[PDB]
Amino acid sequence: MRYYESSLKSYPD
Amino acid sequence: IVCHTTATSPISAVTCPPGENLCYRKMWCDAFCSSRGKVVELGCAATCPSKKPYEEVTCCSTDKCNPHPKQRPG
């Protein structure tokens, strides 16, 4: 659930 | 030039000419600094603000120049 510095699909884990 | 907003709710590049002369990429840490690093909360701004403690704010003035490592292509 974040547009972190390595993912853009709201990943929970 | 337009900027994306990861700190609003979803993420989208909206023109921010009224006030913010450009965009800004921020980073820090969420509820718990995971091993994945911080987050990527860019947006619009008048000038790269915040720069005293550990806030790594950034800037970008170009056709949506706030693309972070989101959809890792390849």
# chains A, B, ... in the order shown; residues from 1 in each chain; ligands from 1
call {"tool": "closest_atom_pairs", "arguments": {"of": "chain A", "to": "chain B", "cutoff": "8 Å", "atoms": "only C-alpha atoms", "output": "Markdown table"}}
result
| residue | atom | partner | partner_atom | distance |
| --- | --- | --- | --- | --- |
| A:2 | CA | B:39 | CA | 7.0 |
| A:3 | CA | B:40 | CA | 6.0 |
| A:4 | CA | B:39 | CA | 3.8 |
| A:5 | CA | B:69 | CA | 5.2 |
| A:6 | CA | B:69 | CA | 5.2 |
| A:7 | CA | B:70 | CA | 4.7 |
| A:8 | CA | B:70 | CA | 4.5 |
| A:9 | CA | B:71 | CA | 7.9 |
call {"tool": "residues_around", "arguments": {"residues": "region 43-60 of chain B", "least_positions_apart": "2", "cutoff": "8 Å", "atoms": "only C-alpha atoms", "output": "JSON, numbers by chain"}}
result
{"B": [2, 3, 4, 5, 6, 7, 16, 19, 20, 21, 22, 23, 24, 25, 26, 27, 28, 41, 62, 65, 66]}
call {"tool": "write_last_selection", "arguments": {"atoms": "N, CA and C atoms", "output": "PDB file, in the first residue's frame"}}
result
ATOM      1  N   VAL B   2       4.399  19.397 -15.090  1.00  0.00           N
ATOM      2  CA  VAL B   2       3.399  18.891 -14.104  1.00  0.00           C
ATOM      3  C   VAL B   2       4.092  18.028 -13.050  1.00  0.00           C
ATOM      4  N   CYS B   3       3.472  17.846 -11.920  1.00  0.00           N
ATOM      5  CA  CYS B   3       4.104  17.024 -10.851  1.00  0.00           C
ATOM      6  C   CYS B   3       3.141  15.942 -10.372  1.00  0.00           C
ATOM      7  N   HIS B   4       3.659  14.843  -9.892  1.00  0.00           N
ATOM      8  CA  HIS B   4       2.769  13.748  -9.396  1.00  0.00           C
ATOM      9  C   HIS B   4       2.606  13.846  -7.891  1.00  0.00           C
ATOM     10  N   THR B   5       1.530  13.343  -7.352  1.00  0.00           N
ATOM     11  CA  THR B   5       1.382  13.417  -5.889  1.00  0.00           C
ATOM     12  C   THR B   5       1.186  12.034  -5.306  1.00  0.00           C
ATOM     13  N   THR B   6       2.169  11.594  -4.626  1.00  0.00           N
ATOM     14  CA  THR B   6       2.091  10.280  -3.951  1.00  0.00           C
ATOM     15  C   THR B   6       1.591  10.516  -2.529  1.00  0.00           C
ATOM     16  N   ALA B   7       1.679  11.741  -2.078  1.00  0.00           N
ATOM     17  CA  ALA B   7       1.257  12.063  -0.693  1.00  0.00           C
ATOM     18  C   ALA B   7      -0.204  12.529  -0.606  1.00  0.00           C
ATOM     19  N   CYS B  16       0.905  22.321 -11.488  1.00  0.00           N
ATOM     20  CA  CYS B  16       0.932  23.101 -10.225  1.00  0.00           C
ATOM     21  C   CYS B  16       1.600  24.463 -10.443  1.00  0.00           C
ATOM     22  N   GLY B  19       1.542  29.051  -7.831  1.00  0.00           N
ATOM     23  CA  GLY B  19       2.329  29.031  -6.564  1.00  0.00           C
ATOM     24  C   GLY B  19       3.578  28.181  -6.751  1.00  0.00           C
ATOM     25  N   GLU B  20       3.419  26.892  -6.818  1.00  0.00           N
ATOM     26  CA  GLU B  20       4.592  26.010  -7.002  1.00  0.00           C
ATOM     27  C   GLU B  20       5.166  26.209  -8.400  1.00  0.00           C
ATOM     28  N   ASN B  21       6.365  26.704  -8.484  1.00  0.00           N
ATOM     29  CA  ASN B  21       6.977  26.939  -9.815  1.00  0.00           C
ATOM     30  C   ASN B  21       7.493  25.622 -10.390  1.00  0.00           C
ATOM     31  N   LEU B  22       7.432  24.564  -9.627  1.00  0.00           N
ATOM     32  CA  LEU B  22       7.917  23.258 -10.147  1.00  0.00           C
ATOM     33  C   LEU B  22       7.376  22.098  -9.310  1.00  0.00           C
ATOM     34  N   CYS B  23       8.077  21.001  -9.306  1.00  0.00           N
ATOM     35  CA  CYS B  23       7.624  19.812  -8.542  1.00  0.00           C
ATOM     36  C   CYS B  23       8.611  19.491  -7.429  1.00  0.00           C
ATOM     37  N   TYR B  24       8.385  18.430  -6.718  1.00  0.00           N
ATOM     38  CA  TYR B  24       9.328  18.074  -5.638  1.00  0.00           C
ATOM     39  C   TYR B  24       9.218  16.604  -5.287  1.00  0.00           C
ATOM     40  N   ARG B  25      10.320  15.951  -5.146  1.00  0.00           N
ATOM     41  CA  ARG B  25      10.269  14.514  -4.772  1.00  0.00           C
ATOM     42  C   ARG B  25      10.717  14.373  -3.314  1.00  0.00           C
ATOM     43  N   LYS B  26       9.874  13.884  -2.444  1.00  0.00           N
ATOM     44  CA  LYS B  26      10.299  13.749  -1.027  1.00  0.00           C
ATOM     45  C   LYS B  26      10.458  12.287  -0.666  1.00  0.00           C
ATOM     46  N   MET B  27      11.176  12.035   0.374  1.00  0.00           N
ATOM     47  CA  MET B  27      11.373  10.641   0.821  1.00  0.00           C
ATOM     48  C   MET B  27      11.687  10.650   2.298  1.00  0.00           C
ATOM     49  N   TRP B  28      11.375   9.596   2.973  1.00  0.00           N
ATOM     50  CA  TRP B  28      11.623   9.592   4.426  1.00  0.00           C
ATOM     51  C   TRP B  28      11.453   8.183   5.005  1.00  0.00           C
ATOM     52  N   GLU B  41       7.296  10.354  -1.904  1.00  0.00           N
ATOM     53  CA  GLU B  41       6.167  11.301  -1.894  1.00  0.00           C
ATOM     54  C   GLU B  41       6.537  12.619  -2.569  1.00  0.00           C
ATOM     55  N   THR B  62       9.533  19.700 -15.148  1.00  0.00           N
ATOM     56  CA  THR B  62       9.471  19.229 -16.561  1.00  0.00           C
ATOM     57  C   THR B  62       8.219  18.367 -16.763  1.00  0.00           C
ATOM     58  N   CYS B  65       8.118  15.307 -14.335  1.00  0.00           N
ATOM     59  CA  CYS B  65       9.490  14.810 -14.025  1.00  0.00           C
ATOM     60  C   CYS B  65       9.553  14.238 -12.607  1.00  0.00           C
ATOM     61  N   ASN B  66       8.449  13.770 -12.088  1.00  0.00           N
ATOM     62  CA  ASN B  66       8.457  13.198 -10.708  1.00  0.00           C
ATOM     63  C   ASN B  66       8.249  11.668 -10.719  1.00  0.00           C
TER      64      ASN B  66
END
call {"tool": "atom_distance", "arguments": {"atom1": "CA of residue 42 (chain B)", "atom2": "CA of residue 11 (chain A)"}}
result
18.9 Å
call {"tool": "atom_distance", "arguments": {"atom1": "CA of residue 13 (chain A)", "atom2": "CA of residue 13 (chain B)"}}
result
26.5 Å
call {"tool": "select_by_dssp", "arguments": {"residues": "chain B", "states": "strand (DSSP E)", "output": "ChimeraX atom specification"}}
result
/B:2-4,13-15,22-26,41-45
call {"tool": "write_last_selection", "arguments": {"atoms": "N, CA, C and O atoms", "output": "PDB file, in the first residue's frame"}}
result
ATOM      1  N   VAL B   2       4.399  19.397 -15.090  1.00  0.00           N
ATOM      2  CA  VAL B   2       3.399  18.891 -14.104  1.00  0.00           C
ATOM      3  C   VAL B   2       4.092  18.028 -13.050  1.00  0.00           C
ATOM      4  O   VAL B   2       5.185  17.537 -13.255  1.00  0.00           O
ATOM      5  N   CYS B   3       3.472  17.846 -11.920  1.00  0.00           N
ATOM      6  CA  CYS B   3       4.104  17.024 -10.851  1.00  0.00           C
ATOM      7  C   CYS B   3       3.141  15.942 -10.372  1.00  0.00           C
ATOM      8  O   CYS B   3       1.943  16.111 -10.412  1.00  0.00           O
ATOM      9  N   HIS B   4       3.659  14.843  -9.892  1.00  0.00           N
ATOM     10  CA  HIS B   4       2.769  13.748  -9.396  1.00  0.00           C
ATOM     11  C   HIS B   4       2.606  13.846  -7.891  1.00  0.00           C
ATOM     12  O   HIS B   4       3.464  14.361  -7.204  1.00  0.00           O
ATOM     13  N   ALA B  13      -0.134  13.198 -12.098  1.00  0.00           N
ATOM     14  CA  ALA B  13       0.612  14.446 -12.383  1.00  0.00           C
ATOM     15  C   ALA B  13      -0.338  15.595 -12.681  1.00  0.00           C
ATOM     16  O   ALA B  13      -0.886  15.690 -13.762  1.00  0.00           O
ATOM     17  N   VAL B  14      -0.519  16.486 -11.757  1.00  0.00           N
ATOM     18  CA  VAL B  14      -1.408  17.635 -12.039  1.00  0.00           C
ATOM     19  C   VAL B  14      -0.567  18.896 -12.157  1.00  0.00           C
ATOM     20  O   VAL B  14       0.411  19.086 -11.455  1.00  0.00           O
ATOM     21  N   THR B  15      -0.947  19.748 -13.036  1.00  0.00           N
ATOM     22  CA  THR B  15      -0.199  21.016 -13.219  1.00  0.00           C
ATOM     23  C   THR B  15      -0.222  21.824 -11.918  1.00  0.00           C
ATOM     24  O   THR B  15      -1.256  21.988 -11.302  1.00  0.00           O
ATOM     25  N   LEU B  22       7.432  24.564  -9.627  1.00  0.00           N
ATOM     26  CA  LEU B  22       7.917  23.258 -10.147  1.00  0.00           C
ATOM     27  C   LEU B  22       7.376  22.098  -9.310  1.00  0.00           C
ATOM     28  O   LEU B  22       6.332  22.190  -8.695  1.00  0.00           O
ATOM     29  N   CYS B  23       8.077  21.001  -9.306  1.00  0.00           N
ATOM     30  CA  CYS B  23       7.624  19.812  -8.542  1.00  0.00           C
ATOM     31  C   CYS B  23       8.611  19.491  -7.429  1.00  0.00           C
ATOM     32  O   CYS B  23       9.585  20.184  -7.228  1.00  0.00           O
ATOM     33  N   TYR B  24       8.385  18.430  -6.718  1.00  0.00           N
ATOM     34  CA  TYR B  24       9.328  18.074  -5.638  1.00  0.00           C
ATOM     35  C   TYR B  24       9.218  16.604  -5.287  1.00  0.00           C
ATOM     36  O   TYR B  24       8.145  16.076  -5.121  1.00  0.00           O
ATOM     37  N   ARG B  25      10.320  15.951  -5.146  1.00  0.00           N
ATOM     38  CA  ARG B  25      10.269  14.514  -4.772  1.00  0.00           C
ATOM     39  C   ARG B  25      10.717  14.373  -3.314  1.00  0.00           C
ATOM     40  O   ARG B  25      11.831  14.713  -2.973  1.00  0.00           O
ATOM     41  N   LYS B  26       9.874  13.884  -2.444  1.00  0.00           N
ATOM     42  CA  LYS B  26      10.299  13.749  -1.027  1.00  0.00           C
ATOM     43  C   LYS B  26      10.458  12.287  -0.666  1.00  0.00           C
ATOM     44  O   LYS B  26       9.926  11.405  -1.310  1.00  0.00           O
ATOM     45  N   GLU B  41       7.296  10.354  -1.904  1.00  0.00           N
ATOM     46  CA  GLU B  41       6.167  11.301  -1.894  1.00  0.00           C
ATOM     47  C   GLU B  41       6.537  12.619  -2.569  1.00  0.00           C
ATOM     48  O   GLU B  41       6.873  13.589  -1.917  1.00  0.00           O
ATOM     49  N   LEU B  42       6.468  12.669  -3.868  1.00  0.00           N
ATOM     50  CA  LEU B  42       6.804  13.935  -4.577  1.00  0.00           C
ATOM     51  C   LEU B  42       5.557  14.817  -4.653  1.00  0.00           C
ATOM     52  O   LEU B  42       4.585  14.593  -3.958  1.00  0.00           O
ATOM     53  N   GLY B  43       5.564  15.813  -5.495  1.00  0.00           N
ATOM     54  CA  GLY B  43       4.359  16.691  -5.608  1.00  0.00           C
ATOM     55  C   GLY B  43       4.740  18.038  -6.224  1.00  0.00           C
ATOM     56  O   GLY B  43       5.596  18.120  -7.078  1.00  0.00           O
ATOM     57  N   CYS B  44       4.098  19.094  -5.806  1.00  0.00           N
ATOM     58  CA  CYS B  44       4.416  20.432  -6.369  1.00  0.00           C
ATOM     59  C   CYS B  44       4.968  21.337  -5.270  1.00  0.00           C
ATOM     60  O   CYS B  44       4.761  21.096  -4.097  1.00  0.00           O
ATOM     61  N   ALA B  45       5.663  22.381  -5.627  1.00  0.00           N
ATOM     62  CA  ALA B  45       6.205  23.284  -4.583  1.00  0.00           C
ATOM     63  C   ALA B  45       6.789  24.553  -5.200  1.00  0.00           C
ATOM     64  O   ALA B  45       7.061  24.618  -6.384  1.00  0.00           O
TER      65      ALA B  45
END
